[PDB]
Amino acid sequence: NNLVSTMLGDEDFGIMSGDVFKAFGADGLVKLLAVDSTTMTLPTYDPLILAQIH
Amino acid sequence: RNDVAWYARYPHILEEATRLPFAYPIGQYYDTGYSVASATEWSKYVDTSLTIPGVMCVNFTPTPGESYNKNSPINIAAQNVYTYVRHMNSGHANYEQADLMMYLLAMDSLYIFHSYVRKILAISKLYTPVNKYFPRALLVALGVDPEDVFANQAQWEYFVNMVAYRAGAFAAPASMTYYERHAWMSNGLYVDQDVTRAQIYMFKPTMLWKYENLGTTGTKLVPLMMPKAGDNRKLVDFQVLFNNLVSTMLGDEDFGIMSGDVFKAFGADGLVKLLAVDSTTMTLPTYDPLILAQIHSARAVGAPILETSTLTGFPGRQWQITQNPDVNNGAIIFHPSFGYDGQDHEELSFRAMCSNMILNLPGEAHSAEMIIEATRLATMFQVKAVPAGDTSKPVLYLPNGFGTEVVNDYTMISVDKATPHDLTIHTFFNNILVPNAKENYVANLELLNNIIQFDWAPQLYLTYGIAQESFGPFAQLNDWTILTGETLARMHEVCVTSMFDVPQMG
Amino acid sequence: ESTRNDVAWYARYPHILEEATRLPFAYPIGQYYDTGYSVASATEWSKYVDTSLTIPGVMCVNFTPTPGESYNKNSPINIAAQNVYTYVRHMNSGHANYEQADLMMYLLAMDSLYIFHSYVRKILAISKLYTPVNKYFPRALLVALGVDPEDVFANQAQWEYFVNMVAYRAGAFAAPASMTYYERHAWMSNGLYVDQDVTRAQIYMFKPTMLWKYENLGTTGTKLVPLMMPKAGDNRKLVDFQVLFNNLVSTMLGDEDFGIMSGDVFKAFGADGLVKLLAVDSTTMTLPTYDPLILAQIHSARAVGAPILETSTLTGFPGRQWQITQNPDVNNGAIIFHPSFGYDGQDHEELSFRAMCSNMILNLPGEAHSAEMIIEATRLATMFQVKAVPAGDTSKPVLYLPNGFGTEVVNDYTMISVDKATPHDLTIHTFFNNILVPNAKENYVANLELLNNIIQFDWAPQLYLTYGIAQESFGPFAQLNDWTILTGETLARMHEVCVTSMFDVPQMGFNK
Amino acid sequence: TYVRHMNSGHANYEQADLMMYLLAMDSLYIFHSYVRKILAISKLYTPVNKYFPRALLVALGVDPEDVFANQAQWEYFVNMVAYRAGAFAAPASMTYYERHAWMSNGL
Amino acid sequence: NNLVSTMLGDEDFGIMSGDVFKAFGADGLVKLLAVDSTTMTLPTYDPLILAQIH
Amino acid sequence: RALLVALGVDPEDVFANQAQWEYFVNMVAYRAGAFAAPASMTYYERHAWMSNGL
Amino acid sequence: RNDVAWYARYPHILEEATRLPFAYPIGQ
C-alpha cells in the first residue's frame, strides 16, 4: 500500500497506462503470473545466473 | 388367515374420513373457532386468529462501496473506465475520471427509478384467487396509492414510457454488471418457496442519488428519498421525484458530452437497454435461490442520514458521495455512518448487531459463487463513530465494508386480525426492541410468527427492555458459519471490483 | 435464475473468488459456539450483545399408550374385544373361565411389555452411537430417556442380556402379530428420527411417560393402572429398570387367568402368528432414519398434560385418576378408559391450557395429500371438548374431556440442548404445546431462547404462548404450508378409523 | 495444510494442536489394543504350555482370576472403548497407528 | 476414564475431530473393530518383530 | 523454511494464513497488472528472470 | 371474447373449496 499509494485510482497514471496500452498492444505488454495452491517453482540449473553471481 | 389390511378392506371409510379442504387463500383473515365451546369466558386467553403474511419488501440503498481515499475500488474503476472511454474518443474532453464515474452512478439511480415505476405498473396486472394480496399489498409496499394506478392507467403508462425514453437517452455500459444486478434486484418478484400460495419478496429503493453539480468544488451525489410503504402517493408525486432526479441532466451539455463518449466507446449493442411497458406487460413471481440466500444473510444498516436529520453530537454525518477536487486529491468519497433510525435517540437494538454474523446456507456443498452471492446484503459494524461534542443522543457505527447496496429496512405486509381486516404495514430492522409494556410482547410474538412464515427471512436479533439483554440470531440454521469483518470485507472488496468492471481495448 | 446471467469476472478470476470465500461450514453440533464481537468495544454492553450460539439436538416426545376413549359398549376397543373373544373362545375351542374384556385387557397389558422391551433396546442401541459431527451422541439421547449414560457404558453386557431376557420372558404370554397396535407402538418407540435428513440433523425420539400395570381385583373386575417411567434427569441405572420390569410382570406370571388366556391365544393364533421380540446381540446398532410420516404426526401433535395418579392431589377432582377399568356390574361390563386432560402435575390451574381450547391447524408438507398421509398426521393430535365438572365449591386445576384420542396421546415434550453459560453442559427443558410466560424479567429471554431452539426442529409441534403480563395467548407458532382448520368431530372420526384399524386382526375369519 | 487449507477447515487451532490431538489418539488406540490383548489371552489354554494364560496375564499387569470371573464385563469394556473412540477422528493411512496396533496386538 | 476425561469435554478436540472427519472422509478413518466371544488371538511367527527385539 | 527466512518473512505466517497470502498476492497481480508496461523492453523480463527463480 | 367459464378457468379452486367429509357413521 506504500508502493501503490500514489498510483491506484490516479488520473495521470491511468492516462500513461492507457497510452502504453494503445502504443504497445495487449499481446505486447508484460503479463503477471497468477498463483494458487498448485503453483510452485522448482530450483533450476542456469549457468548464466551462476556466471554473474560469480 | 387372510392378512389383508383394514384400510384395504374398507378404503371408502378412509377416503371419506380424510376429505378435507386445503389450499386456503392467503390475504384473508381466518377465524378457527373454539374446540371448547365454553371458552369464550377466557377473553384473550384463547387465540382463534390465523393471519398469513404475503409481502416482505427489502428496502435498500445503492452504494459504491466505502470510499476512503483514491485507492478505493470505485476510484480504480473510475480510472479504468476513463482510460477505456478516453482511448476510444480521440479528441478533446474536458471532464475528469471522477465526473465520468459520478455520471455512471447517477445513471444507475435513474435505472433503479425506471425499474421501480415499471414494477409499480407491472404489479397492478397480477391476480390470482388463491392469493388475495395481489396486487394491492405489493403496491402498498412500494409506497403508491393503489387506486391511483388503476384509475390513471394510461397516464401511468405514459409516465413510465417517457421515463424510459428520457433516461434511456443517456448511455451506460452493459459490460458493467452493476446495472444488471440492480435491474435483477429491482424489477423482480421473488417467492420464498416454489408453491402458488408462496410469499413474495421485493426490493424497493429507500433513497436514490441526485446529481447536484455545484460551483467549482466538483460534484456531490445527495439522497432523494423514495416513498415508504403505507404512503398513498399518486402519479404527480412520482413525476415530481422524476423531475427532481433529472433536473440537472435533461438538456445539459456536459452530460450529453459524457453520454456521447460512452456511446462511442461502448457500442450501441453494448449499452444498457431499458424495458418498455404496455397493458400487456406484467411480471410473474419467480423462484430464485440466489435472491433468498442474500435476503437470509441481509443485515439492515438503518435510515439514511440527510441534511435535515438533527443528530445530536454528530454533525456532518449525512450520506453523500462527494467529489471535491481540493479534498483527498479529488477522489470520490463515500463513507456513511450507520445505526440511524430516523429519530434523535440511542436505539439500543443496534448493540445486538455488534456480534459476528452467521452465514447460513442450504445443502452441504457450497460453491464460491454461491457463498459470495449469499453475502451481498450483509453489512457488519466494525467500530463506533466518534461523537464530536459533549453529549450525544444517538450511537453511530462504521462498517468494515459494504457491497453495491446496503439494506435499510424491511417492510412486512400482512392482514389485520381486527375488522375490517385491512392490510398492516410493519417496518423493522434485523434488530428489534421490545420495551416493557403489555401491548408489546404479544405484538412482537405476532411479528416473529409472521417473519418465520417467510422461508429465507433475515435473521432477527431481539432485545428486551426490562431484561437488558439481547437474544442472538432468531432463525433456523441448516449449514452455518461464523463470519468476521475481515472475511466479509474481503468479499465486499471483491464484489465491488467485479460489478464496476469493463474490458480492455486490445 | 430469472434475469441474472453471471458476473463473468468470477469466471476469469476464479482463484481470487476461491481464496476470498474459503470458509469452514461443518460445525459439529453438541457443543457451545462463541461468535465473538464485530465491534470490539461492545464488551461495555454486557447482555445487550449476544455472542452465544447453541443448536439443540434431541426432542423427545413423551407419550402414553391408550385404547382410545371407551365410555360405552359401542367403543372401538369393545368391538375389538368382542371380535377377539369370538375368534379365540368360539371359533377356536377356547376356555370359558374369562370374558371378552379380560382378553382385551390382557392384550393391552402385553403392549406395555412390548413398549418396555423396545424402550430398553433403544437405550442399549443408543449407547454405541458416537460421531465426530454430533457431540450429542449418545449422552443427550440417554439423558432424554432418563438413564445414567455412564451406567449403560460400564454395564453394557448386563444391559444387553437384560434386554434379551426381557424378550425371552415375554414369550410366556401370547399376543397376535397381526394386530398393528403392537407393530405401531414398537415402530414408534424403536427408532431415532431425523428432522430434515442432513448430517448434523436434529433427533426426534418417543419415550413412554408411563405404562399400564395389570392389577387383579376380586370379583370386582380388572384394572390397568399407570406405572411411571423415568423422566429426563433421573439418571436411572439398570437396577431401576429391572425393578420396573419386575413389578410390570409381577401380577402377570402368577395369574392363572393369564395362563389360561395365554394358552388360548397360543392355540388360536398358532405359534408363527404371535408377536416375537427378536433377540439383539453385540453388533445390533440402531441408526437415525428419515421418516416423513413420523414428522407429519410430530408436527400436528397436541400434548394433553400429565397423567393423573391415585396419589395426585387435585382440589375439586377427587376420583379422576387415569385407569382402564372393567366391572361386569358397571356399564354392561364394558372396558372404560375416560381420562381427564389438562393436568400439569400440580394442584393449581396451568393457565396456558386455555390456549388449547381453539380448533387445531393440521399443517402438511407439499400441495397434494394422500388419505393415508392425513390419517397418519393426526395420530398425536388431541383436541379438548368440554371442561370436566368439579365436585364441590372450589377447585384449583381445570380438567378437560376430549372428543376422542388416538392410539396414543402425547403428555409433553423434552428438548435437550447445550447451555449458553459455562460449563455449557446439557440443559433439559420439558414443555407442553401451551407455554406460560409469567410476568418476570428472567422469563422473556428464556422463552425466546426456547422458541429459537424449537424452530431449529423442522416439523416441530405447533406452540401456543400465553403471556401473563397481557392476559393474552398467541395462537399456533409454526410455519404453515398447506393447512386446514380441523374441528372436533373430524378428528374424532379419524381417531375412530385409526383405533378400529389398530385393533383389527386380519388373521381371523372376520371378512375373509 | 491438508485439513485446514486443502479442505475448508476451522481456524481456531494451529498446526501443533492437530498433531498433539493425533498423538493423543494413538494412546487411545494402544489402550484398546492392550485391553483386547488382555481379553484374547485369557481364553488360551494348552496342554503343552502351562504358562498360558496366567504368565501372559501377569506380565501385562492384570489379575488372572479377575479376567476369568469377569470375562463378559471385560469383553464389553473392550467393545465400549472401541465405540467411544469413534467420537474422535484420525486418518487410517498414518502407519503410526497401524504400527503401534500391530505391535501391541500380537503374541 | 482419566485418559479420555480432558478429551471429550474439550471444544477444540470437537472442532478438530469434525475437521479430520470431513477432511479424510468416513472410510479414511481409523476403525477399532469390535470383538466378540469367539475372537481369539494366536501366537504368530514374525521375523521382523524378532529382528527389532534383538 | 530457510528460503523463507532469507526472504524476510515469518515462515509460520505463510503456513497458517495460506488463503490470505494467496488472496494478497492475487490482488497485487490484479492491481499492479492494471497498468501497462512494454514487454519489448527486456528490462522487465530480466528482473522477472532474476526475481522469481530458484 | 374468450367465453370460457370461471369454473373451467380455475377448476382447482372449485375442487379445493368443496372437499368435505360425507358418509358419517350412524349409531354415534
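Letters A, B, ... are given to chains in the order of the sequence lines, protein chains preceding strands, and every chain is numbered from 1. All values below were derived from every heavy atom in this structure, side-chain atoms included, with hydrogens, water molecules and symmetry-related copies excluded.
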query = B/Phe350 vs B/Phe381 aromatic rings, parallel, tilted or perpendicular, using cut-offs 30° and 60°?
reply = tilted

message = Working to the nearest 0.5 angstrom, can you tell me the gap between B/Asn431 CG and B/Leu348 CG?
response = 10.5 Å

message = As an exercise, state the distance from CG of B/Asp237 to CG of B/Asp231, rounded to the nearest 0.5 Å.
response = 9.5 Å

inquiry  = Using only atom types and a distance under 3.5 Å, with no angle test, would you say the side chain of B/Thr63 pairs donor to acceptor with the backbone of B/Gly403?
reply    = yes

task = List the steps and the verdict of side-chain contact (heavy atoms from CB on, under 4.5 Å) for B/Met107 and B/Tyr179.
result = CA-CA 9 Å; B/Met107 274 319 118; B/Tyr179 300 113; 4.1 Å; yes

note = Minimal heavy-atom distance between B/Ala98 and B/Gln323, with the atoms involved, is CB-NE2, 3.4 Å

inquiry  = I want to check something: taking the side chain as every heavy atom from C-beta on, are B/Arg233 and B/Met226 in contact at a cut-off of under 4.5 Å?
reply    = no

query = When you measure from the side chain of B/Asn356 to the backbone N and O of B/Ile482, does any donor-acceptor pair fall under 3.5 Å?
reply = no

request  = Check the pair C/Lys47, C/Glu442 against salt bridge (charged side-chain N to carboxylate O under 4.0 Å, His left out), reporting the backbone distance first and the verdict last.
outcome  = CA-CA 13 Å; C/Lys47 288 162 185 311; C/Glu442 55 265 14; over 6 Å; no

task = Indicate the ring-plane relationship of B/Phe334 and B/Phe402, choosing parallel, tilted or perpendicular according to the 30° and 60° boundaries.
result = perpendicular

query = What distance separates B/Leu433 CG from B/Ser470 OG, expressed to the nearest 0.5 Å?
reply = 9.0 Å

key: B/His335 atom NE2: more than 12 heavy-atom contacts under 6.0 Å   = no

ask   = Are B/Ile295 and B/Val58 close enough that some pair of their side-chain heavy atoms sits under 4.5 Å apart?
value = yes

Donor-acceptor contact present, side-chain B/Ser355 to main-chain C/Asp50, <3.5 Å = yes

B/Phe474 vs C/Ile455 side-chain heavy atoms within contact, under 4.5 Å = yes

Verdict with supporting geometry, B/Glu405 and B/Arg181, salt bridge (charged side-chain N to carboxylate O under 4.0 Å, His left out) = CA-CA 10 Å; B/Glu405 66 273 354; B/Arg181 178 181 170 83; 2.5 Å; yes

message = Between B/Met225 and B/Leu306, is there a side-chain heavy-atom distance shorter than 4.5 Å?
response = yes

inquiry  = Within the 3.5 Å criterion, strictly below it, is a donor on B/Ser186 or B/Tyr116 matched to an acceptor on the partner's side chain?
reply    = no

query = Between the side chain of C/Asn447 and the main-chain N/O of C/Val437, is any donor-acceptor distance below 3.5 Å?
reply = no

request  = Would you please say whether a donor-acceptor pair under 3.5 Å links the side chains of C/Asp34 and C/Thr51?
outcome  = yes

inquiry  = Using the rule given for side-chain contact (heavy atoms from CB on, under 4.5 Å), can you reason through B/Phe429 versus B/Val407, listing the C-alpha separation, both sets of side-chain angles and the distance that settles it, and then say yes or no?
reply    = CA-CA 9 Å; B/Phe429 309 112; B/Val407 178; over 6 Å; no

request  = Could you tell me whether the side chains of B/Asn408 and B/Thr61 share a donor-acceptor contact shorter than 3.5 Å?
outcome  = yes

message = Is a donor from one side chain sitting under 3.5 angstrom from an acceptor on the other, for B/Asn436 and B/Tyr441?
response = yes

message = Under a 4.0 Å threshold between the charged nitrogen and the carboxylate oxygen, would A/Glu11 count as salt-bridged to B/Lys70?
response = yes

query = Any donor and acceptor pair, going by atom type alone, linking the side chain of B/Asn450 with main-chain N or O of B/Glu446 inside 3.5 Å?
reply = yes

key: Heavy-atom closest contact (B/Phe238 atom, B/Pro227 atom, distance)   = CZ-CG, 3.9 Å

request  = Look up atom CG in B/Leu423 and atom OG in B/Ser414, then write down how far apart they are to the nearest 0.5 Å.
outcome  = 8.5 Å

task = May I ask you to check whether B/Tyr178 and B/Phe500 place their ring centers less than 6.0 Å from one another?
result = yes

query = Does NZ or CZ of B/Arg299 lie under 6.0 Å from the centre of the six-membered ring of B/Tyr461, at an angle within 45° of the ring axis?
reply = yes

key: B/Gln318 and B/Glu307 side chains, donor-acceptor separation under 3.5 Å   = yes

key: Under 3.5 Å donor-acceptor, B/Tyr397 side chain and B/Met380 backbone   = no

inquiry  = Treating C/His424 as the side-chain partner and C/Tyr32 as the backbone partner, does any N or O pair qualify as donor plus acceptor under 3.5 Å?
reply    = no

Non-hydrogen side-chain atoms of B/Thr219 and B/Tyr103 separated by less than 4.5 Å = no

query = Is any side-chain heavy atom of B/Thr375 closer than 4.5 Å to a side-chain heavy atom of B/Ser297?
reply = no

remark   = A/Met7 and B/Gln79 have their tightest heavy-atom pair at O-NE2, 3.5 Å

inquiry  = Between B/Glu486 and F/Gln20, is the side-chain contact (heavy atoms from CB on, under 4.5 Å) condition met? List the steps.
reply    = CA-CA 10 Å; B/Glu486 289 83 4; F/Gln20 280 109 328; over 6 Å; no

key: For the student: nearest non-hydrogen atoms of B/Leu221 and B/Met102, plus distance   = CD1-SD, 3.7 Å

query = So do C/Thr35 and C/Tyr33 actually touch side chain to side chain, heavy atoms under 4.5 Å?
reply = no

ask   = Is B/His492 reaching over with its side chain to a backbone N or O of B/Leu488, donor-acceptor style, under 3.5 angstrom?
value = yes

task = Could you give me the CA-CA distance, side-chain angles and deciding distance for B/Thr424 and B/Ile413, then say whether side-chain contact (heavy atoms from CB on, under 4.5 Å) is met?
result = CA-CA 6 Å; B/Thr424 45; B/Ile413 313 292; over 6 Å; no

inquiry  = For B/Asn430 and B/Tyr410: C-alpha separation, side-chain torsions, deciding distance, then whether side-chain hydrogen bond (donor to acceptor under 3.5 Å, both in side chains) applies.
reply    = CA-CA 8 Å; B/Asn430 287 74; B/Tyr410 316 95; 2.6 Å; yes

message = With a 6.0 Å cut-off on the ring centroids, do B/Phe203 and B/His182 count as close?
response = no

inquiry  = Counting only heavy atoms from other residues, nucleotides and ligands, does the tally under 6.0 Å from CG of B/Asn243 exceed 12?
reply    = yes

key: Heavy-atom closest pair, residues B/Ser109 and B/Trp209   = OG-O, 3.0 Å

Atom pair CG/CG of B/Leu462 and B/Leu448 - distance to nearest 0.5 Å = 5.0 Å

key: Residue pair B/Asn59 / B/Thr411, side-chain donor-acceptor N/O under 3.5 Å   = yes

task = Please work out which of the three classes, parallel, tilted or perpendicular, describes the rings of B/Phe454 and B/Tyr201, given edges at 30° and 60°.
result = tilted

request  = Rounded to the nearest 0.5 Å, what's the gap from SG on B/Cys495 to CD1 on B/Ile372? Could you check?
outcome  = 3.5 Å

request  = Please check if the side chain of B/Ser67 supplies one atom and the backbone of B/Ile333 the other of a donor-acceptor pair under 3.5 Å.
outcome  = no

request  = State, to 0.1 Å, how close B/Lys393 and B/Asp344 come at their nearest heavy-atom pair, and which atoms those are.
outcome  = CD-O, 3.3 Å

ask   = Heavy-atom distance under 4.5 Å between the side chains of C/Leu53 and B/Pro473, does that happen here?
value = yes

Heavy atoms from other residues, nucleotides or ligands near OH of B/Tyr68 exceed 12 (cutoff 6.0 Å) = yes

message = Tell me whether F/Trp21 at atom CH2 has more than 12 heavy atoms from other residues, nucleotides or ligands lying less than 6.0 Å away.
response = no

task = Check whether any side-chain N or O of B/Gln294 sits under 3.5 Å from a backbone N or O of B/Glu373 as a donor-acceptor pair, and report yes or no.
result = yes

